[PDB]
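Contents: one structure, followed by commentary.
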Amino acid sequence: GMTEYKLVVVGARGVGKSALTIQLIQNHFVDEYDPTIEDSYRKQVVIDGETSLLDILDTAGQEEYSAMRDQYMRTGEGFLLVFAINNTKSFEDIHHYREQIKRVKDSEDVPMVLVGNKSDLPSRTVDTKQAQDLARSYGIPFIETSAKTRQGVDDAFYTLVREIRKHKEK
Ligand SMILES: *[C@@H](C)[C@](*)(O)C(=O)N1CCN(c2nc(OCC34CCCN3CCC4)nc3c(F)c(-c4cccc5cccc(Cl)c45)ncc23)C[C@@H]1CC#N
Ligand SMILES: Nc1nc2c(ncn2[C@@H]2O[C@H](COP(=O)(O)OP(=O)(O)O)[C@@H](O)[C@H]2O)c(=O)[nH]1
Ligand SMILES: [Mg+2]
């Protein structure tokens, strides 16, 4: 049979949320994608032998806090926390995103993966060690990705799926 997973991708504008999602869904790199479009994308994949339907909310929009937005976000079973390794502000923003996740899920135990995107770029500003300690302090996996070269893209989403499965066992 099959299993469905609702994934939500969050992080600062321009970190590559849409590029990452389109790599997962369409298996190529799309370097210009309207920064204002928020939508959900599907894709069925086999992950550890199990047919997995991924429903991925690529976030955009305004920074508004309302019960409507909380309702969309609360539907997510797991979250990708995305920063760009060449943008320190996007990395500093991660703490805020995780807090809003914890708020709408009413739990500190929410499946999440920390994703340092743009690993293909030469002028890294966020050290891999800084990111690993942030993920360790959250108790979550960390992966560096490049939506440009597709490095780590599959594993980032599949690791999040594996984190959800565990959480569902409780
Ligand atoms: C680009 C800049 C354009 O405006 C855009 O597409 N954005 C920016 C606004 N969005 C947004 N931003 C933040 O954080 C911005 C930050 C970080 C520290 C706090 N502030 C002020 C300026 C920098 N946070 C957001 C949200 F938290 C949500 C949201 C709202 C309610 C509930 C939940 C629950 C879980 C997760 C999230 Cl993301 C929730 N929405 C937007 C938002 C939107 C977009 C960037 C993104 N993603
Ligand atoms: N070099 C490089 N550029 C990227 C990568 N991912 C996204 N980009 C670029 O970063 C910008 C923002 O990407 P986008 O997918 O729109 O980010 P979003 O706002 O988080 O949806 C665009 O110019 C993309 O071409 C990556 O892994 N490597
Ligand atoms: Mg986008």
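All Cβ positions, even for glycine, are placed from backbone atoms using ideal geometry, and neighbour counts span all protein chains on display. Rule-based calculations on the coordinates, nothing more; no lab input.
Some points to look at:
- Scanning the range 54-76 for residues that are of a type outside the set (D, E, K, R) and assigned to a strand (DSSP E or B) turns up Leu54, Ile56, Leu57.
- The set of residues in the range 1-52 being buried (at least 18 other Cβ atoms within 10 Å of the Cβ), near ligand 2 (Cβ under 8 Å from one of its atoms), farther than 18 Å from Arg150 by Cα and not hydrophobic (A, V, I, L, M, F, W, C) consists of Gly11 alone.
- A single entry from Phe83, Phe79, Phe29 fulfils the requirement of being touching a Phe, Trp or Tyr at 6+ places or on another chain (Cβ under 6 Å) and at negative phi: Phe83.
- Just one residue in the set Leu81, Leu57 is surrounded by 15 or more Cβ atoms within 10 Å (Cβ to Cβ), over 17 Å from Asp155 (Cβ atoms), more than 8 Å from ligand 2 (Cβ to nearest atom) and touching a residue at least 24 places away in the same chain (Cβ under 8 Å); that residue is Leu57.
- Filter pass, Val153 being crowded, with 20+ Cβ neighbours inside 10 Å and touching a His at 6+ places or on another chain (Cβ under 8 Å): no
- Scanning the range 8-31 for residues that are assigned to a loop (DSSP other than H, G, I, E, B), out of contact with any helix residue (DSSP H, G or I) (no Cβ under 8 Å at 6 or more places or on another chain) and more than 12 Å from ligand 1 (Cβ to nearest atom) gives a single hit, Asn27.
- Positions within the range 84-104 being β-branched (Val, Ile, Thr) and either farther than 21 Å from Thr145 by Cα or buried (at least 22 other Cβ atoms within 10 Å of the Cβ) (or both), in sequence order: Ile85, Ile94, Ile101, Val104
- Any hit, the range 32-53, residues being assigned to a helix (DSSP H, G or I) and either within 14 Å of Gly11 (Cα to Cα) or of a type in the set (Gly, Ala, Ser) (or both): no
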